[PDB]
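Working notes for the structure below.
Along the sequence shown, residues carry numbers from 1. Every number for a ligand or one of its atoms is a count from 1 in the order of the listing.
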Amino acid sequence: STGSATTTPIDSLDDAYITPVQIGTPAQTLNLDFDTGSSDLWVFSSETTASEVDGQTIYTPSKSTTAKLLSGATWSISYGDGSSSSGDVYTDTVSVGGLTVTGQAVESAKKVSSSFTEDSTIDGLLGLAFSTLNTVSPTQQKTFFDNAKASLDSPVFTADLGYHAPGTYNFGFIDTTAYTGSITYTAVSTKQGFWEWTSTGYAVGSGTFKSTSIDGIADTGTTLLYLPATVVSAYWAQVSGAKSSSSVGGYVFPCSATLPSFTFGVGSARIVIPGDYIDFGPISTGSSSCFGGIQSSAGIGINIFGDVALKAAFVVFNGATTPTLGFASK
Ligand SMILES: Cc1cc(C)c(CCNC(=O)[C@@H](N)Cc2c[nH]c3ccccc23)c(C)c1
């Protein structure tokens, strides 16, 4: 089998991407944030504290003839940025395009933190990291991809995120028309539960490529590109007036700037992030200071190749017996 669904930026800055997902019988369609940095499929629901719902579409398991409460199962997730959610668990039928998993764990939120409430465009997250990170207790549950993998024509999914435009998540096949050149594959460590890999270096604009190992995760659920402070300083030094602001929380730059590109290495291959991808707009409404899309990882503990980097590439998440990551230009 295969599946294919269009993923759409939630706003004019590409702050996140939402993909329609069918849950239950009859189908309830929710717009989920496909997150290769976590492993829980959780949704706003009829159980969610009413004051914590503000425009999201909810899953109502009592209206699904295939939903079954997973007795005694609860979940609770604390993302590294300080957001969180928790609740109870149903098994139900979940489809992404033409791809269907019966008996998928659907984690129904009873509580969400304020940032999720305040984002009316995201109805939940669909985790695509490794199932060892799943938070359901006392019986850990599998991700949608893990459940689907044996049925897929090939045990893969691909992320093709657009810049200010829709893109595509494919399951079970590689669309050879969706990229230029070839796909370069690179090793993955699964020990921490992430799609953890090592970039071979970077360049700023037309500058000389620096060969240096940069360990990090491929995380479709993170907006920005978070890299070591040395790398980030080298980038913003090329932008007149850019500076790291403690009050704002990272590098800011004049909104009148035209930004240089940023290149990262995948083996001997190179992915070029165009400069415009690194502009995340005014720091506050009406400001002439803009927030940078490349930021220091120093306070995080790991480098994060988030959407800023991933949207410049066609990315293969290869779930073969030994997982690997593939990147192509597009
Ligand atoms: C200090 C610090 C700061 C950041 C930015 C991060 C990355 C957080 N990014 C995720 O954890 C996403 N994989 C998932 C995610 C978290 N919050 C969301 C809100 C909306 C949509 C998706 C999500 C970490 C690990 C640590």
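By the 3.5 Å distance cut-off applied to N or O atoms, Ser38 is not counted among the residues near ligand 1. Here's the thing with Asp219: one of its N/O atoms is less than 3.5 angstrom from an N/O atom of ligand 1. The N/O atoms of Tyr79, backbone and side chain alike, include none that comes under 3.5 Å of an N/O atom in ligand 1.
Shown in contact with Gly80 at under 4.0 Å from a heavy atom are these atoms of ligand 1, numbered in order with element: 1 (C), 2 (C), 24 (C), 25 (C), 26 (C). Contact atoms of ligand 1 toward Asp35: 12 (C), 13 (N), 14 (C) (distance under 4.0 Å to a heavy atom of the residue). In summary, the atoms of ligand 1 found under 4.0 Å from a heavy atom of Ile304, numbered by their order in the structure, are 7 (C). Atoms of ligand 1 lying under 4.0 Å from at least one heavy atom of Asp33, given by number and element, are 21 (C), 22 (C).
Listed for the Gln56 side chain is a donor-acceptor partner under 3.5 Å among the backbone atoms of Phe116. The main-chain N or O of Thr132 is found under 3.5 Å from a side-chain atom of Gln140 such that the two form a donor-acceptor pair.
Aromatic ring orientation, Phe317 versus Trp195: perpendicular (interplanar angle above 60°, classes split at 30° and 60°). Between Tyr90 and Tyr59, the ring planes are perpendicular. Angles over 60° get that label, and only those under 30° would be called parallel. A parallel orientation is assigned to the rings of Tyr277 and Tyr163, their planes being inclined by less than 30° (bins at 30° and 60°). Using cut-offs of 30° and 60° on the angle between ring planes, the pair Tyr251 and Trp236 is parallel.
If you check each of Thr222, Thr223, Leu125 against atom 8 (C) of ligand 1, the one with the closest non-hydrogen atom is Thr222. Nearest-heavy-atom check against atom 23 (C) of ligand 1 across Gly221, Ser85, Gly301, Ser84 picks out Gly221.
The two residues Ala5 and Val96 make their nearest non-hydrogen contact at CB-CG1, 3.9 Å.
Looking at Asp81 against ligand 1, both its backbone and its side chain come within 4.0 Å, counting heavy atoms.
At least one heavy atom of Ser83 sits closer than 4.0 Å to an atom of ligand 1.
Taking the side chain as every heavy atom from C-beta outward, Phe262 and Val308 never approach each other to under 4.5 Å.
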